[PDB]
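The chain below stands alone and is given in structure tokens; this is the form deposited in one PDB entry.
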């Protein structure tokens, strides 16, 4: 059934599973037209498909051409997401295919279930967790590949860099969701925290800076402070 805080450790067991987040599939800017009407302009999007145990991210770039001449784009985007996730599962070798797919938004359940009819033993589940995967496009290297794409493209990344050499998957996922929540809540301040110190760099082959164990503790504390700070600003507390 649904995935929540009671069964949170299930994310890090040895059953292959993927999170699917469709927030950034259909992305638009909204603008006035010459006649004073309003029009949307789509920009490139992405499906965020993540293995929370290993950090493997299958980021399918959604190029604006897929919307050309299509109607009801917000509805179509769910079906396109399901269409893309199902061919990724079909393409994966049998021993790599997930046993569960957890969608971050309940509107993805029926599209994904219908596209995965050929896989009756893959459980399609919602979650009660509020996960900040919409902020993936605040990770500079992910945003850059999406916006530079000129055609549909599948891009592979490990969203944990090399952290699993030193920490468990549970801790890596907790660090990831804290970083993404902070970038979602105050992007400018989060990036300031992550880069403020020029002597800590992002390796060419990484997404995040090369912090020591002690520096990650400091960074995580500053991210928690940011989130609390913004909550106080928001609710006047």
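Positions refer to the first chain, counted from 1. Take the two forms, superpose them, and find the largest set of C-alpha atoms that agree within 1.5 Å; that set is the rigid core.
In what follows, reference is made to the form solved in complex with a partner chain, a form of this protein that is not presented.
- Remark: residue 162 does not count among the residues lining the partner chain in the entry with it bound, judged by a heavy atom distance of 4.5 Å or less.
- Not displayed here, the partner chain is approached by residue 191 to within 4.5 Å at the level of heavy atoms in the entry with it bound.
- Interface membership of residue 205, defined by any non-hydrogen atom within 4.5 Å of the partner chain in the entry with it bound, is ruled out.
- The partner chain in the entry with it bound is not approached by residue 178, whose heavy atoms all lie more than 4.5 angstroms from it.
- None of 164-172, 51-59, 193-201, 206-214 except one has non-hydrogen atoms within 4.5 angstroms of the partner chain in the entry with it bound; the exception is 193-201.
- After superposition on the rigid core, the single residue among 201, 70, 37, 212 whose C-alpha moves by 2 Å or more between the shown form and the other one is 37.
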